[PDB]
Number of protein chains: 2
Amino acid sequence: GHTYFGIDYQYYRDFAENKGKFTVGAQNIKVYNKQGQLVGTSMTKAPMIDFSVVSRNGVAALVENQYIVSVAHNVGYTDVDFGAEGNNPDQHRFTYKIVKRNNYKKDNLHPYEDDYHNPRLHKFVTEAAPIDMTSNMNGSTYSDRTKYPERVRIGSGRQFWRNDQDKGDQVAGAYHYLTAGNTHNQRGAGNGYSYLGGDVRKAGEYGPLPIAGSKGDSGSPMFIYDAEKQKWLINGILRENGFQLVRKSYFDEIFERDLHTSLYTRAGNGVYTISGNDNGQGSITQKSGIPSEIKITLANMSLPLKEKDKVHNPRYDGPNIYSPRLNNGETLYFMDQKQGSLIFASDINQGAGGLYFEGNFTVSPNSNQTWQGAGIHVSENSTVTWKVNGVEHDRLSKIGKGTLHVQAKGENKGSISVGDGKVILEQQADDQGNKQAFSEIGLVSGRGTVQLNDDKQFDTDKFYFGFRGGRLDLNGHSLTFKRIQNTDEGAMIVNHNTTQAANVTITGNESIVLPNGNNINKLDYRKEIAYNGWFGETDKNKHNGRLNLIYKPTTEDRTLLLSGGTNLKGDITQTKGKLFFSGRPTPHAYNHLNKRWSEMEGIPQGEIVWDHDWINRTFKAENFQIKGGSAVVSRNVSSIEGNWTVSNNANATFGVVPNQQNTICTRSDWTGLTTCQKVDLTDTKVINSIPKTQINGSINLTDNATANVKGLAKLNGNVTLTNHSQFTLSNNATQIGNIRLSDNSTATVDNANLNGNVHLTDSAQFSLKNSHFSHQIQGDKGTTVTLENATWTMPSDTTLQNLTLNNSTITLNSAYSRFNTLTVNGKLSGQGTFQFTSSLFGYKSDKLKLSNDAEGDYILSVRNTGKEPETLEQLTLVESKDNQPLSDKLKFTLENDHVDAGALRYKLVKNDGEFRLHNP
Amino acid sequence: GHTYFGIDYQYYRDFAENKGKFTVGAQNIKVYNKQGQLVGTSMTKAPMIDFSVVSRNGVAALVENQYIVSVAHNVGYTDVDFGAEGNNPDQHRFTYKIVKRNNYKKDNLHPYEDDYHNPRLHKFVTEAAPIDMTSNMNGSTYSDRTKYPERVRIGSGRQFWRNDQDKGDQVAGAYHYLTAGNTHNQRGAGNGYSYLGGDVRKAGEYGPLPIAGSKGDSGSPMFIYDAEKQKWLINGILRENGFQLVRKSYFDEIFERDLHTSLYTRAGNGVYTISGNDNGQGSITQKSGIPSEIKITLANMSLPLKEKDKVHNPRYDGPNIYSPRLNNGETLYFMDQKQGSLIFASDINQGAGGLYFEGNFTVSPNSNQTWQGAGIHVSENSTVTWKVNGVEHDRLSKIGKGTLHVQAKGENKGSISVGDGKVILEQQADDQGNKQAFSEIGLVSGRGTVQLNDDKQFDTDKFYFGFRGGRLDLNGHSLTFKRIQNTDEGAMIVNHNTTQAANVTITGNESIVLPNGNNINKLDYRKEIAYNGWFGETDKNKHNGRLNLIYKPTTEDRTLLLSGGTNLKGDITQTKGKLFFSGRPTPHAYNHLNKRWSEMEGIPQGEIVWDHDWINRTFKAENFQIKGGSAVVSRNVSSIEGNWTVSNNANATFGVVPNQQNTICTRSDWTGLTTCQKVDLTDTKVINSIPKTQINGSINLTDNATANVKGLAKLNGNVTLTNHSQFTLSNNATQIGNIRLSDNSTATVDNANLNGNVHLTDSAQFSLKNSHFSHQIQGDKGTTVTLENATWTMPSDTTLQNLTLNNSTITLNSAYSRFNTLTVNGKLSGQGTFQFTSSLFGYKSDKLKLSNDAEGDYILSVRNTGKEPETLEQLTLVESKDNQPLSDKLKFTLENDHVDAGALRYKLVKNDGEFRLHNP
């Protein structure tokens with residue numbers, strides 16, 4: 001298509017991929033031109049369309065579970081696929097095959113032009129919900145912009161951008177990638193058609209991003225928003241541009257041709273028996289109803305797998321490939337109001353025919369009969385007990401809001417894609433002890449759930465969350481993964497069991513030594529693995545059962561990246577390796593442009609990632625037990641909630657520091673690869689975009705554990721240390737809470753803000769560097785407090801043991817800028833300043849109480865109020881803790897050399913073993 | 001004398017010592033016999049006599065400042081002393097020496113019998129005010145019992161008690177101790193005499209305790225109450241018993257013989273110059289008046305210190321010792337209406353002559369002249385500026401209501417006894433820098449005041465409050481004591497300065513290791529010291545200036561007992577050791593009886609202390625700052641008022657517990673020694689005699705501080721706790737106020753009554769054991785409430801975090817014996833009962849809202865009112881705080897298994913994650 005070079009190409013790419021700000025449902029997206037000026041606001045009258053119904057190759061759209069729409073003259077393509085762009089193998093993109101083209105035939109009862117077809121696919125599509133069609137064939141219907149306020153199109157035809165002189169550069173050939181936007185303005189319409197066209201340089205009546213089609217865009221879909229229904233509908237297919245309106249009545253004729261057999265037993269508890277053979281002939285016997293026997297059509301093996309379909313217009317001649325063998329199968333519809341039964345008397349290959357179930361059914365083999373077909377659709381509130389195995393190298397498609405309770409015997413060699421509703425896994429062991437539900441299991445489209453009703457149902461290496469994921473409900477069971485295959489934040493691991501807890505263990509990749517051969521999956525041999533999804537249920541109306549997460553790699557050099565979220569009623573445990581809690585870059589459409597046009601556009605080749613444009617995440621658990629290795633809470637984490645226990649030689653670090661390098665872990669949407677690397681955080685825009693992490697919990701360090709809260713982070717909780725643990729608050733981070741040190745632990749506040757109190761015992765040490773502190777410090781026998789380049793404003797009477805000063809100032813009383821005393825029971829040493837307040841009139845003041853061990857060089861500064869004393873006494877400033885005299889190694893100097901209280905001049909003297917203010 | 005064995009000997013002993021109920025001024029003292037029957041009521045028509053005017057040896061009474069009265073035939077005694085019984089060295093009892101006997105000579109102008117003398121003492125007596133004499137010599141005068149309703153006597157003659165057969169046991173020899181009571185009945189009187197006599201077994205016209213004299217009682221005084229004057233007067237001296245009436249006219253002749261020189265200058269501003277020499281010759285020069293020179297007599301050193309006085313009756317021959325040398329001195333009287341002057345041109349030794357000053361005087365040495373004499377009497381409203389030093393080993397006696405402003409130079413080696421009025425200390429340093437007002441200073445008789453007008457005026461170890469004490473007015477100055485020498489509650493330390501605060505520091509005894517040598521003062525080497533007096537002014541008409549008290553011993557094992565009172569405008573601070581606020585046993589006369597007669601009387605040998613008979617005390621300060629050590633409020637403290645702050649590892653304990661041992665601190669009146677020891681409190685009479693201490697203030701605990709209110713105590717205030725402080729209310733004590741816990745503090749109510757609310761935050765804990773509680777408890781994140789063997793009746797909606805039950809019951813609503821909800825946001829656990837009220841008719845009830853953490857075994861009891869429901873619903877009783885279901889570890893059981901509302905039967909079920917009342 002043709003875009004406007006006056007607007008960033010990225011808009012049109014993001015639009016098509018539902019990336020950047022154009023996520024599904026989003027509204028009011030501002031669109032600026034290259035001059036940074038507002039062109040318009042997008043999607044002000046409709047939630048952003050879900051383009052997942054459009055095939056990756058842009059030439060078709062999903063209008064039913066196994067049907068697409070396109071132009072007949074697209075005579076070459078034989079299949080479609082869906083989902084997100086890229087080559088991340090976790091996605092397991094599926095190739096849906098056309099088995100019947102359904103090229104329109106113009107005739108007395110089919111008035112419209114024959115460049116139009118409704119292909120049937122060989123499987124039910126699971127990755128996306130089909131889109132409804134508009135029903136009126138009069139183009140004028142859709143001109144009303146109150147009823148139809150938004151209109152969009154999308155395609156992969158030859159790509160151009162046009163400048164202000166309307167000159168086009170062709171930046172890509174057809175079928176390379178998708179571009180999209182709103183359509184051009186309404187430009188004339190009639191029976192079966194509509195024309196849209198206008199000036200790409202200009203904002204249109206459907207929005208700031210008008211886009212026209214070109215060679216290769218034929219067949220691509222055009223969508224219209226019905227504001228009354230609140231639905232996006234497909235309105236037409238591209239044939240300025242002309243569109244052939246969609247044909248709902250024609251589609252109905254195709255559909256009813258493939259689905260015409262309804263099995264139903266009026267009294268309920270129907271019993272049906274099915275059999276067939278390789279020549280595509282089949283039969284369904286109904287226990288009692290008349291007729292007892294119903295003939296059905298199945299996959300016909302005597303027919304070619306490929307053949308040339310009907311061609312009704314000589315212009316649209318070409319390969320026109322279809323599958324007479326698969327298309328022979330009809331779709332069956334079973335309804336029962338009580339408990340129905342379906343018995344497999346023989347293997348069944350339905351070909352492109354599928355199964356719909358309305359009501360509960362028990363489906364059972366007489367022996368070991370298998371099934372194979374388009375897929376299974378189970379109605380809302382219906383449960384289908386499925387006791388029939390599948391076929392090797394065949395994928396079963398499960399759709400519908402209902403439940404599929406899998407309960408066949410032995411090792412099922414078929415796989416499954418769970419697009420909608422629920423699949424319960426409960427395969428039974430065979431006589432030989434073999435038990436496997438599927439050889440491979442995927443959750444896609446976010447609508448589906450896999451629920452475990454037994455152990456050892458599948459190989460966890462063969463389970464994946466594909467495009468938009470879904471729910472894996474452990475239902476009280478436990479699993480171990482090496483790595484979890486996942487594509488995005490749609491991935492959810494939960495436990496809906498109210499009664500039994502569940503555990504997920506992640507062990508990381510077995511080896512990081514590359515194998516040989518010619519189909520290496522690099523994801524399996526990397527030190528870094530990642531999970532983009534959720535642990536724990538976020539839906540308030542679903543049960544968030546107990547769920548624990550354990551990261552237990554084999555080697556110290558293995559990383560697990562969590563970039564989605566946790567809502568765990570349970571703990572997260574780390575035994576080794578590296579564990580990152582992180583936000584992630586906002587997704588953006590990949591840049592397919594060559595060197596030249598990339599340079600013209602001013603964007604890098606390949607992956608588009610903006611350092612200032614990240615998604616913010618939240619994490620929550622009951623406890624974080626870091627028993628070993630290293631846990632890191634990195635950038636764009638809004639909050640992490642739960643209590644921390646770091647033990648042995650483990651470590652936990654919170655926050656990234658502006659103007660330094662930080663290790664940043666990100667996974668590529670394009671390859672699925674995770675990369676951890678030191679990155680400079682120096683850009684103002686980037687720095688300002690990163691939230692200060694709210695750490696909502698307390699921290700306990702034991703043994704040799706270390707914890708570090710730094711930079712863009714705020715600890716909303718206490719820290720407790722024992723043994724030889726160490727805690728550091730630095731780089732302008734903040735803590736709202738207390739620090740409690742025992743044994744041989746250590747704490748340090750380096751250029752940071754501790755809003756709370758410190759309490760040491762035993763041999764603990766507290767260090768305050770390059771900071772100001774205005775709270776309480778309590779230290780007893782054995783403990784050492786140290787200040788360096790620091791100021792401390794004491795709030796009240798305080799006791800310490802040893803205290804070491806170095807270019808630091810202690811203000812004894814908050815009134816300096818009723819009276820307090822600092823007692824140093826142990827050794828004071830070093831050099832610095834003490835700031836005093838006093839009332840010479842009452843001969844009262846702040847006090848510094850020292851022991852025989854005191855020593856060093858200090859400055860005394862005194863602020864006195866009010867009156868001149870009505871008597872002559874001495875005011876003690878520095879005294880001994882008892883009657884012994886202060887050391888001669890102790891040296892004090894009064895600032896300004898003297899203190900005046902009216903006409904009375906006091907100086908500093910060492911008299912009788914103490915330092916007093918004296919009047920000569 | 002002779003007492004009645006039918007009445008406790010203690011009455012007669014207490015009477016003589018003004019102890020038990022017979023304190024000075026007391027009235028209506030009931031006297032019971034050994035059969036517990038009322039014999040009579042004592043002192044119904046006069047306030048109890050002050051026997052302090054009677055010499056300790058019982059043979060004389062104080063009739064003027066330096067004169068006594070007795071019989072001439074008492075020819076052996078050479079001195080007298082006064083005060084209280086016992087050997088407490090703090091009393092510094094003084095030996096007053098007879099310098100002239102003044103044996104009566106019968107002649108034409110002296111009609112009466114010559115067994116009578118009026119001894120002159122060498123010093124003015126400071127410990128007691130002299131008593132007036134009756135003036136009529138006709139014995140019949142005093143028979144009128146309307147005018148003279150009360151009459152008493154006292155002596156130390158041979159001691160007997162007589163039984164109902166009037167048989168005497170002699171229980172002690174003469175001159176061992178004093179006994180006293182009212183006199184016998186009037187039995188004949190004439191010129192110069194009176195006889196009193198009757199039956200000791202019987203109550204007499206002067207009261208229930210008639211007492212007769214015996215051998216050794218000769219000379220002892222007999223007193224009569226003049227009801228018109230409202231005075232006790234001495235009426236006669238003992239010679240059934242005969243008494244020689246007192247001779248007022250004879251005494252006047254003696255007095256005028258010794259005091260006949262009045263110095264006076266009509267125009268005011270008189271100027272007198274005094275000199276003398278060793279031969280007892282002296283001179284006073286008057287500036288201008290005629291004659292200019294007046295001869296005076298002084299101590300005559302050429303005369304013997306001892307000699308035999310005049311003997312007028314050969315029967316009364318014997319030693320008759322007097323002091324011709326001291327008696328030679330005459331007393332001088334100086335009056336001036338403006339400002340008079342007295343100049344010492346030479347040292348002066350007045351001997352037994354003293355000084356009276358009426359009006360203001362300046363008394364000055366030309367050089368370093370000293371003075372020595374009987375004492376100084378300064379008139380009311382007169383000030384005598386005294387610039388003359390004293391003499392080593394000589395005590396100066398200060399009496400009169402006027403002021404003595406001491407302002408001499410250098411180190412005065414004399415001491416002083418301040419009996420009356422005011423002495424201001426302002427010694428000036430000499431050229432060499434020596435400065436000392438007196439080598440020793442005592443306050444006695446409660447009438448006197450020492451006021452400090454400078455620092456370093458005396459050694460605080462040499463200052464004492466003797467018999468009945470007096471006021472030490474710090475007047476804005478500060479002092480430190482090791483121990484304060486004090487005898488009784490007459491001791492007062494105050495600060496009358498309206499402008500400058502004052503501090504008293506008490507440090508305790510320097511060492512507790514006994515010295516060697518043969519004059520050890522045990523009081524100086526004990527761990528326990530005590531102060532029987534007051535801190536702060538109690539007189540409303542005097543200024544109660546700011547005064548602070550600091551107890552700061554060196555070692556943890558040192559105790560300070562305060563058994564008197566405080567009324568401090570200021571604080572009490574404790575840094576270490578043990579501090580007791582206590583009442584004290586009522587004083588009782590010491591038991592001098594041997595083994596035999598003690599056993600007969602049924603009383604212990606030695607000190608008489610009754611465990612049920614204690615004096616109740618009050619204490620008041622602004623703040624009690626217990627910064628270290630232990631503060632204890634012990635038995636017989638009516639109230640202690642002020643706010644408490646207990647910090648560091650300090651402790652404060654209130655109340656004694658019935659039926660347990662309590663540490664009781666008491667000081668012996670007899671030895672001055674303080675003893676602290678565990679004592680069982682098991683006697684009903686003792687228990688009932690102890691008041692419940694009203695603690696009138698609030699309590700703040702910080703750091704590791706602990707406080708304990710228990711037993712006979714009531715806290716009328718709030719408690720606030722921080723850090724790791726702990727507070728316990730136990731043993732049936734009561735608190736009217738709230739408890740507020742923060743940080744890691746803890747509170748417990750063990751079998752006690754908390755009338756108020758509890759509020760926890762952070763990690764605080766509240767424990768309720770073996771108690772019933774009916775007020776509010778509020779606890780948020782982190783906090784734990786615990787009940788053991790307790791019931792709690794919630795008053796309104798309540799929120800807690802964690803809650804632990806153990807054999808305890810929570811009644812959700814006060815109506816159980818409009819609806820309330822208890823929310824437990826955190827973990828509930830344990831076992832117990834919840835009592836509910838409900839209205840099934842409206843489907844409303846009390847609620848228990850729990851979280852996922854809830855667990856344990858509980859009983860649900862439900863009381864329902866009124867109607868049968870006109871609809872069928874479920875009534876939720878126990879619910880979740882949100883949509884998650886309650887744990888399976890949570891178990892409830894409905895009491896009685898069911899609830900009925902008319903014909904409708906509801907049972908308890910767990911339905912949909914909640915516990916509801918359900919109708920099958």
# chains A, B, ... in the order shown; residues from 1 in each chain; ligands from 1
call {"tool": "residues_around", "arguments": {"residues": "residue B:159", "least_positions_apart": "6", "cutoff": "7 Å", "atoms": "only C-alpha atoms", "output": "VMD selection string"}}
result
chain B and resid 1 to 2 170 to 174
call {"tool": "residues_around", "arguments": {"residues": "residue B:65", "least_positions_apart": "3", "cutoff": "7 Å", "atoms": "only C-alpha atoms", "output": "list in words"}}
result
residues 124, 125 and 130 of chain B
call {"tool": "interface_residues", "arguments": {"of": "chain A", "to": "chain B", "cutoff": "8 Å", "atoms": "only C-alpha atoms", "output": "MDAnalysis selection string"}}
result
chainID A and resid 498:499 540:541 543:544 842
call {"tool": "closest_residue", "arguments": {"among": "B:705, B:568, B:739, B:679", "to": "residue B:640", "atoms": "only C-alpha atoms"}}
result
B:568
call {"tool": "residues_around", "arguments": {"residues": "stretch 595-611 of chain A", "least_positions_apart": "5", "cutoff": "7 Å", "atoms": "only C-alpha atoms", "output": "NGL selection string"}}
result
:A and (171 or 585 or 588-590 or 686)
call {"tool": "residues_around", "arguments": {"residues": "stretch 85-87 of chain B", "least_positions_apart": "3", "cutoff": "9 Å", "atoms": "only C-alpha atoms", "output": "MDAnalysis selection string"}}
result
chainID B and resid 17 56 82 90:91 177 589:590 669:672
call {"tool": "write_last_selection", "arguments": {"atoms": "C-alpha atoms", "output": "mmCIF file, in the first residue's frame"}}
result
data_model
loop_
_atom_site.group_PDB
_atom_site.id
_atom_site.type_symbol
_atom_site.label_atom_id
_atom_site.label_comp_id
_atom_site.auth_asym_id
_atom_site.auth_seq_id
_atom_site.Cartn_x
_atom_site.Cartn_y
_atom_site.Cartn_z
ATOM 1 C CA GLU B 17 7.245 9.535 123.151
ATOM 2 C CA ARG B 56 15.199 12.529 127.687
ATOM 3 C CA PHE B 82 16.144 16.498 124.057
ATOM 4 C CA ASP B 90 21.543 11.469 111.953
ATOM 5 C CA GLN B 91 19.919 13.033 115.012
ATOM 6 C CA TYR B 177 13.040 4.954 129.766
ATOM 7 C CA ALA B 589 7.832 3.577 121.495
ATOM 8 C CA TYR B 590 10.758 1.127 121.694
ATOM 9 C CA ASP B 669 13.701 4.783 113.773
ATOM 10 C CA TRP B 670 15.971 3.286 116.422
ATOM 11 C CA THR B 671 19.147 2.816 114.379
ATOM 12 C CA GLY B 672 18.574 4.830 111.210
#
call {"tool": "residues_around", "arguments": {"residues": "residue B:211", "least_positions_apart": "3", "cutoff": "7 Å", "atoms": "only C-alpha atoms", "output": "PyMOL selection string"}}
result
chain B and resi 1-3+180-184+200
call {"tool": "write_last_selection", "arguments": {"atoms": "C-alpha atoms", "output": "PDB file, in the first residue's frame"}}
result
ATOM      1  CA  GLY B   1       5.964   5.183 137.449  1.00  0.00           C
ATOM      2  CA  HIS B   2       3.063   2.791 137.949  1.00  0.00           C
ATOM      3  CA  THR B   3       0.917   1.686 135.044  1.00  0.00           C
ATOM      4  CA  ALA B 180       3.553   8.869 130.860  1.00  0.00           C
ATOM      5  CA  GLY B 181      -0.219   9.365 130.851  1.00  0.00           C
ATOM      6  CA  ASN B 182      -2.754  11.707 132.402  1.00  0.00           C
ATOM      7  CA  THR B 183      -2.298  12.366 136.127  1.00  0.00           C
ATOM      8  CA  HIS B 184      -4.375  10.799 138.876  1.00  0.00           C
ATOM      9  CA  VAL B 200      -4.407   3.060 138.618  1.00  0.00           C
TER      10      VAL B 200
END
call {"tool": "closest_residue", "arguments": {"among": "A:865, A:445, A:548, A:103", "to": "residue A:479", "atoms": "only C-alpha atoms"}}
result
A:548
call {"tool": "residues_around", "arguments": {"residues": "stretch 271-273 of chain B", "least_positions_apart": "2", "cutoff": "6 Å", "atoms": "only C-alpha atoms", "output": "MDAnalysis selection string"}}
result
chainID B and resid 284:287 341:343
call {"tool": "write_last_selection", "arguments": {"atoms": "N, CA and C atoms", "output": "JSON list (two decimals), in the first residue's frame"}}
result
[["chain", "number", "residue", "atom", "x", "y", "z"],
["B", 284, "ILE", "N", 31.37, 47.38, 126.66],
["B", 284, "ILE", "CA", 30.64, 47.78, 125.47],
["B", 284, "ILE", "C", 30.67, 49.30, 125.38],
["B", 285, "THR", "N", 31.25, 49.82, 124.31],
["B", 285, "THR", "CA", 31.29, 51.25, 124.09],
["B", 285, "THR", "C", 30.16, 51.69, 123.16],
["B", 286, "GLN", "N", 29.33, 52.61, 123.59],
["B", 286, "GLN", "CA", 28.26, 53.19, 122.80],
["B", 286, "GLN", "C", 28.67, 54.53, 122.22],
["B", 287, "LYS", "N", 28.70, 54.56, 120.91],
["B", 287, "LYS", "CA", 29.05, 55.72, 120.14],
["B", 287, "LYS", "C", 28.58, 56.97, 120.77],
["B", 341, "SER", "N", 24.61, 48.68, 114.82],
["B", 341, "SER", "CA", 25.93, 48.13, 114.53],
["B", 341, "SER", "C", 26.56, 47.58, 115.81],
["B", 342, "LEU", "N", 27.26, 46.46, 115.68],
["B", 342, "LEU", "CA", 27.99, 45.91, 116.80],
["B", 342, "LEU", "C", 29.36, 45.52, 116.28],
["B", 343, "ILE", "N", 30.40, 46.11, 116.85],
["B", 343, "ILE", "CA", 31.75, 45.90, 116.35],
["B", 343, "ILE", "C", 32.53, 45.10, 117.35]]
call {"tool": "residues_around", "arguments": {"residues": "stretch 483-496 of chain B", "least_positions_apart": "6", "cutoff": "9 Å", "atoms": "only C-alpha atoms", "output": "PyMOL selection string"}}
result
chain B and resi 88-91+443-446+451+460-477+502+504+506-509+523-524+529-537+542-547+563-565+568+669+672
call {"tool": "atom_distance", "arguments": {"atom1": "atom CA of residue B:906", "atom2": "atom CA of residue B:827"}}
result
28.6 Å
call {"tool": "atom_distance", "arguments": {"atom1": "atom CA of residue B:910", "atom2": "atom CA of residue B:894"}}
result
11.6 Å
call {"tool": "atom_distance", "arguments": {"atom1": "atom CA of residue A:334", "atom2": "atom CA of residue A:278"}}
result
23.0 Å
